[PDB]
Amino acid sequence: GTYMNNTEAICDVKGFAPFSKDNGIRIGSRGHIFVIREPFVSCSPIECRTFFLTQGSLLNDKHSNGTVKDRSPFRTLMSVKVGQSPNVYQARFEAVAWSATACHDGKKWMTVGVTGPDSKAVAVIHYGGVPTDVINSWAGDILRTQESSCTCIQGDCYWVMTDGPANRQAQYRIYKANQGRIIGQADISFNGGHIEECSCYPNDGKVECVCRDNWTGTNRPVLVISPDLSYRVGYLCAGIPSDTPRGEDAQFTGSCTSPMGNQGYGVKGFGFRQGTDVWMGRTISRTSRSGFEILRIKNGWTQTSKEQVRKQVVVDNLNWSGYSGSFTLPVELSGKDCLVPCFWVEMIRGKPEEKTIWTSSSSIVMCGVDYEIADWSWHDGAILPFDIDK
């Protein structure tokens, strides 16, 4: 019955402690577990949940054949409580979706699920368990969205969407809803820039997003959104690249405005502003989706700094990672007067890196704390290949 404010500042944190780990793929060796992608977390005032995409198929079953396309007619968004595996019998249905975002305004859950044909996809907004509004593709080229938590401030929820080429100039938009109804939108002017799969969080009454340039950028785009949908758009200032693939730190020069690095492709990732500093997540490998570390760059939010002051390893470089994204703990759960910054790391198993017929992932979730946390590796741990691969 009450909207979450989410107007607070992000907590200044010295490190990240383990929240949860689902072990979904290990369990899936025998249990009944969805083949998934993007196990992103979002929290209501009472609990955090892991959302994920399914193909309607289970681990160790013929339907887990990974030849089916990502944007299939079978693709749905579902969810479970954080730390639970994406198993069938604990799962809540959310939306038909091959692209998704989701957030809670303090009263109910809002989800957006994109489905339909690439040429004219439909984004169906769900609020409180029923469809409430719709967004059709405005540019006829794979309407898509964050694949992480959206952001609700004082009852209104915001998210970023892209429509157009995945490797050249696309079009980018900010949408705003209240109670599952669209109340505003704004086109993001970003000539020469590329925005994909934004990882957002609230901070000081604004929505801050760290996204993925899939065009020429090895640094991450940053978009700061005000409630009237005026915005600031650019790149993460830091003189260290955090996309994948990327070049070496020493061969990089940062920019607050422009993409640097001259490389294609990318991986969904996140970053958290800490005053003027930044925490930036990245895969350990410069070239592959293996390992995951997080770095604190002093003045990295505002300057082309290379002054690294913290580093914490969460998945070693001997293990596969994947997508990563941001969310915050509601003050109603943390009991703090700031917004605890949190992230999930997806850990991809199977194709193409390993010899299976399938690909899935599991997650480790970490939350920002007031203390330095030691390095370690909470990797997926499943033993490949599986019975079905034989």
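In this text, residue numbers run from 1 along the sequence as written. Basically, rigid core = biggest C-alpha set you can superpose within 1.5 Å across the two forms.
J.: Taking RMS over all structures and residues, which stretch has CA atoms farther from the shown form in 5 other deposited structures of this protein, 358-366 or 60-68, after a rigid core fit?
T.: Looking at 60-68 and 358-366 in 5 other deposited structures of this protein, the bigger mover is 60-68.
J.: Kindly name the stretch, out of 190-198 and 69-77, whose CA atoms are displaced more from this form in 5 other deposited structures of this protein after the core superposition?
T.: Stretch with the larger root mean square C-alpha distance in 5 other deposited structures of this protein: 69-77.
J.: State which stretch shows the higher mean Cα B factor in the entry: 343-351 or 61-69.
T.: The deposited B-factors put 61-69 ahead on the C-alpha mean.
J.: What stretch has the higher average Cα B-factor here, 74-82 or 127-135?
T.: Result: 127-135.
J.: Per the entry, which of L143, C198, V224, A100 tops the list for Cα B factor?
T.: Among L143, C198, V224, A100, the highest C-alpha B-factor in the entry belongs to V224.
J.: Can you tell me which of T151, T111, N191, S148 has the maximum CA B-factor listed in the PDB entry?
T.: If I rank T151, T111, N191, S148 by C-alpha B-factor, first place goes to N191.
J.: For the chain shown, is the CA B-factor of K336 in the lowest, middle or highest third of its modelled residues?
T.: For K336, whose C-alpha B-factor we compare with every modelled residue in the chain, the answer is the highest third.
J.: Once the chain's modelled residues are ordered by C-alpha B factor and cut into thirds, is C11 in the lowest, middle or highest one?
T.: Top third by C-alpha B-factor.
J.: Ranking every modelled residue in this chain by its Cα temperature factor as given in the entry, which third contains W376?
T.: According to the entry, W376 has a C-alpha B-factor in the chain's middle third.
J.: Going by what the PDB entry lists, where does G291 fall on CA B-factor within its chain: lowest, middle or highest third?
T.: Its C-alpha B-factor, which the entry lists for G291, ranks in the middle third among residues of this chain.
J.: Please rank the C-alpha B-factors of the chain's modelled residues and tell me whether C211 sits in the lowest, middle or highest third.
T.: It belongs to the lowest third of the chain when residues are ordered by C-alpha B-factor.
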